[PDB]
Amino acid sequence: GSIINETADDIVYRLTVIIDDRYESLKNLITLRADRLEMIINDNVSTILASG
Amino acid sequence: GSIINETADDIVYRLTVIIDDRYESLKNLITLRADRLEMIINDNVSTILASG
Amino acid sequence: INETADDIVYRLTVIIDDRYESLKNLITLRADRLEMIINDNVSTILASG
Amino acid sequence: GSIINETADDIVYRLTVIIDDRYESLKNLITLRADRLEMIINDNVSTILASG
């Protein structure tokens, strides 16, 4: 494409990579922490039920 | 010509779509995990109460 | 062209900030709600034995 | 090395700084709230188990 069109594509591409990376990191963190809370709750409920 | 102004608008437009899409995805994920945890907590508490 | 770069950065910063504040509010409100739900349910359990 | 390339690099760099800053803030907030939830769940479960 033209110089200006390619520059625009370059800017959008590079920032999309940055945005996607940070997004994936936050998604993974939210998933990890939520998953752990569910694991903890599951284990704790089992322990409580086994105690009364 | 006006191509520089138009290209700037296109860059902003394209990245806005990306930014918004990732935002919605995180918003939905956070909401989903929050809802899941609330239901899990409420269900488990009922089970515990039904046992004493 | 330099003012164009500033315009792009400014406009996108405004949108980035808007979505950022929305997520911050969501996270805070949902976490607050979960803490309340957890404590309320625990109180019920403690009051039941 | 050109004016157009330096401009693209400039735009990408400046927005990356912004994106990174907001990312770190959200990361820290999620971590903080998740840590609090684990502590509150841990505290309450220990209390329940110690009460019956």
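Residues numbered from 1 in each chain as written, not as in the entry; some residues may be left out. Chains lettered and ligands numbered in written order. Heavy atoms only, no water.

As summarised from the PDB record, the model derives from X-ray crystallography at a stated resolution of 1.80 Å.

**Q** Which residues make up the pattern of salt bridges, and what values go with them?
**A** This structure, assessed with the given rule, holds 29 salt bridges over all chains. Here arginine 22 of chain B makes a salt bridge to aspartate 21 of chain B, at a shortest N to O gap of 2.7 Å. We classify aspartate 21 of chain B as partly exposed; its relative accessible area is 40%. Between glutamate 21 of chain C and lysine 24 of chain C there is a salt bridge whose closest N-O contact spans 2.7 Å. With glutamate 21 of chain C and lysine 24 of chain C both in helix α1 (residues 2-48), this residue pair falls 3 residues apart, about one helical turn. (Salt bridge = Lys/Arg side-chain N within 4 Å of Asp/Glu carboxyl O. Buried < 20%, exposed > 50% of the residue type's maximum accessible area, 1.4 Å probe, protein only. Helix = DSSP H or I, 4+ residues; strand = E, 2+ residues; numbered from the N terminus.)

**Q** Explain the side chain of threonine 16 of chain D to me, and be specific about the residues and the numbers.
**A** Among the secondary structure elements, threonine 16 of chain D is positioned in helix α1 (residues 3-51). The contacts of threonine 16 of chain D, once residues within four sequence positions are left out, are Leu15 and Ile18 of chain A. (Contact = heavy atoms within 4.5 Å.)

**Q** Go over the environment of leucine 29 of chain A, please, and point to the residues and values.
**A** Secondary-structure assignment places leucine 29 of chain A in helix α1 (residues 3-51). The exposure class assigned to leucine 29 of chain A is buried, which follows from its relative accessible area of 17%. In contact with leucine 29 of chain A, other than residues within four places in its own chain, are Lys27, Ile30 and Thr31 of chain D.

**Q** Describe in detail the relation of the copies chain B and chain A, supporting the description with residues and values.
**A** Of the two same-sequence chains, chain B is brought onto chain A (RMSD 1.3 Å, axial shift 0.2 Å) by a rotation of 91°. Taken together, the rotation and translation relating the two chain copies correspond to the operation of a four-fold axis. (Least-squares fit on C-alpha atoms.)

**Q** Talk me through the interface of chain D and chain C; I want residue IDs and the actual numbers.
**A** Accessible area lost on assembly of the parts is the figure often given for the size of an interface. At the junction of the two partners, chain D supplies 21 residues and chain C supplies 24 residues. Summing both partners gives a buried area of about 2100 Å² for chain D against chain C, and 75% of it is carried by carbon and sulfur. For the chain D face of the interface with chain C, the top three residues by lost area are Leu15, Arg22 and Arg33 of chain D, together amounting to 25%. Connecting chain D to chain C are 5 salt bridges. A salt bridge links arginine 36 of chain D to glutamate 35 of chain C, with the nearest nitrogen and oxygen atoms 2.8 Å apart. Linking chain D with chain C are 6 residue pairs in polar contact. Split into classes, the residues belonging to the side of chain D that touches chain C amount to 11 nonpolar, 5 polar and 5 charged. (Buried area = accessible area lost by both parts, 1.4 Å probe. Polar contact = N/O pair within 3.5 Å; in protein donor to acceptor, adjacent residues only side chain to side chain. Nonpolar A, V, L, I, M, F, W, Y, C, P; charged D, E, K, R; others polar.)

**Q** Go over the arrangement of the chains, please, and point to the residues and values.
**A** With respect to C-alpha atoms, chain A approaches chain C no nearer than 9 Å, and the pair has no contact. When C-alpha atoms are compared, chain B and chain D, though not in contact, are closest at a spacing of 10 Å.

**Q** Would you mind going over the interface of chain B and chain A in detail, with residue names and values included?
**A** Contacts between chain B and chain A engage 21 residues on the former and 23 residues on the latter. Together, the buried faces of chain B and chain A total about 2100 Å²; carbon and sulfur atoms form 76% of this surface. Viewed at the interface, chain A and chain B are joined by 5 salt bridges. Here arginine 33 of chain B and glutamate 38 of chain A are joined by a salt bridge, their closest N and O atoms 3.1 Å apart. Taken together, the links from chain B to chain A amount to 5 residue pairs in polar contact. Of the residues assigned to the side of chain B that touches chain A, the class counts are 12 nonpolar, 5 polar and 4 charged.

**Q** Which residues make up the packing of aromatic side chains, and what values go with them?
**A** A ring pair, where both rings are aromatic, is described by two values, the distance of the centres and the angle of the planes. For the structure shown, the criterion picks out 0 aromatic pairs over all chains. The ring of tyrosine 23 of chain B has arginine 19 of chain C lying over it, and the distance from NZ or CZ to the ring centre is 5.8 Å. When the ring centre of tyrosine 23 of chain D is taken as reference, the NZ or CZ atom of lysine 27 of chain D above it lies at 5.8 Å. (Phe/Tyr/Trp six-rings, centres within 6.5 Å; stacked < 30°, edge-to-face > 60°. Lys NZ or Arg CZ within 6 Å of the ring centre and 35° of its normal.)

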